[PDB]
Structure formats: structure tokens, C-alpha cells
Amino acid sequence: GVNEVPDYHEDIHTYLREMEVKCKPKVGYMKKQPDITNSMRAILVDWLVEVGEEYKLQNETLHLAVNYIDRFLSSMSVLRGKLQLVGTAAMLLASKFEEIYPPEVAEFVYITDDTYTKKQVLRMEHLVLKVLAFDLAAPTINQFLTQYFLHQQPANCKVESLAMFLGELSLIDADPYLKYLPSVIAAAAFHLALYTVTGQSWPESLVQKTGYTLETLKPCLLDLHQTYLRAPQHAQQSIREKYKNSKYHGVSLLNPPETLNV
């Protein structure tokens, strides 16, 4: 019913598809970053997963933060010593936008082990706001997932959580995931989750909605399927640990399929 805004969901889907291209980071920014690497970014994101967990933040908040970070690093060159400061301010801004009860600034200062000062975090908050020009209402993977979820027949929580999980794993690895739009990673995530749990495939009804097919999703899906298979071996483990929790139905303990057969 109204919680799924029947009268507006298509308008909204269309709008998000337009806004996801505008809020997209530059696919090749890390090569132009003299002092930071994909691996450092990965450590940062992993830590922001932990921060989200420590403060029981929404997953939406985590996704916004990563978006803010990647857009910022697209135009601003950053020394390794200051990457965490960008991340911290991004998490604060994302919290203030998405959270009912955002953690206070002091708690953000706290989790950085007093590497930075209250004033440093605050000054960085303004810089991100200026760089992004307050374009904070970005489409995320999750915004798309939750609408795709409405096409399950019937709803299945393992499917939902597993898709959430796979989408989260994608935030960690700028290569290759920077090359895909939220709507596509979400598509791939939903289809992989669906297949793993139920053996079913990306629904026709979502081909109607999205215009995407297994064909158009195929590249992304192959990457996500690798990321899933290797997930126990990745240097970064905070998402796996998080998705062991029963809140997410222990989905990180499911077995990835050895093949997609398509």
C-alpha cells in the first residue's frame, strides 16, 4: 500500500536513474590520486562498516558516506594521513542526512582515536559540503534493492539480506565496482541472492521496470560472483562479520554457488 507509494514508485525509480548518473564518481580517480590506492580506500570503507556497527547506523547511511567519499576523491587530491578525515566527515554528513539520531561530532572525533580534532572534522565537513555543493541526496544500491525486493514472489528474508550483503561487499573494491551504477550492482546483487537461495533468476517484471536483462547485467554479475566466492579470503572482513548476525539472518554463512549457468 502507501508504504510502497504505488502512485509514485515509477516516478521515483525514473528520477533515481537520472540522479545516479549525476552523482556518479569518476571511474579512474585512484590512478590520479598520487598518495592513495584502492587498498587504502578498502581499509577506510571496511572501518566505516565497523563504525556503522558500533553506532548501529542504517546501512543507507554507510552507502551515502561511500558515495560522498568517492565523489570527493574524484576532484580532491588527498594524502594518506588525511583519508580517514574525509571518511569521518562523510560519515557525519551521511548520519545527519539519513539518521533519526545521528552520533554527536565528539563521537566521530572519538572513533578516529584522536588522530584529528573536533575542529578538523568540522572544517572537513564544510569542505565536503562545498565540494559536493550539498548534493547529498544520492541514489544508493539500497534505494534500488528495496524496490526490486517488491518483485519477490513471495518475499524471502534470506534473499533480501543476502542481496544487501553482496551490495555491501561491492562498496569495498573500487576496482571494479566504480564502473557500475548503483542500479546495476543492485540488479546483480538481487539476482545473485535470488539464485543462491531459491535457484530463481532475475524476474521478467524487473526487466519491465528497469530495462535490464541478465545480458546487460552479465559483466557486473561475473565480478560480483567472484567477489562472493573470494569473500572469506579478502583482506577486509567487517561485512562478513556483520552479516553473521541474526539481524541479517546470518546470510554471510550461506554458501556461494560455484556457477551461474548463464
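In case it trips you up, residue 1 is the first one in the sequence shown, and so on.
Asker: Would you tell me which stretch averages the higher CA B-factor in the PDB entry, 248 to 256 or 21 to 29?
Answerer: The stretch with the larger average C-alpha B-factor is 21 to 29.
Asker: Which is higher on average in the deposited entry, the C-alpha temperature factors of 107 to 115 or of 78 to 86?
Answerer: Result of the comparison: 107 to 115.
Asker: By the recorded C-alpha temperature factor, relative to the other modelled residues in its chain, which third is residue 164 in?
Answerer: Highest third.
Asker: Would you mind checking where the Cα B-factor of residue 153 ranks among the modelled residues of its chain, as the lowest, middle or highest third?
Answerer: Within its chain, residue 153 is a highest-third residue by C-alpha B-factor, going by the deposited values.
Asker: Per the entry's values, where does residue 144 land by CA temperature factor relative to the rest of its chain, in the lowest, middle or highest third?
Answerer: Its C-alpha B-factor, which the entry lists for residue 144, ranks in the lowest third among residues of this chain.
Asker: Just say lowest, middle or highest third for the CA B-factor of residue 174 relative to the other modelled residues in its chain.
Answerer: Highest third - that is where residue 174 ends up once the chain's C-alpha B-factors are sorted.
Asker: Using the B-factor values recorded in the entry, state whether the Cα atom of residue 234 falls in the lowest, middle or highest third among the modelled residues of its chain.
Answerer: Answer is highest: the recorded C-alpha B-factor places it there.
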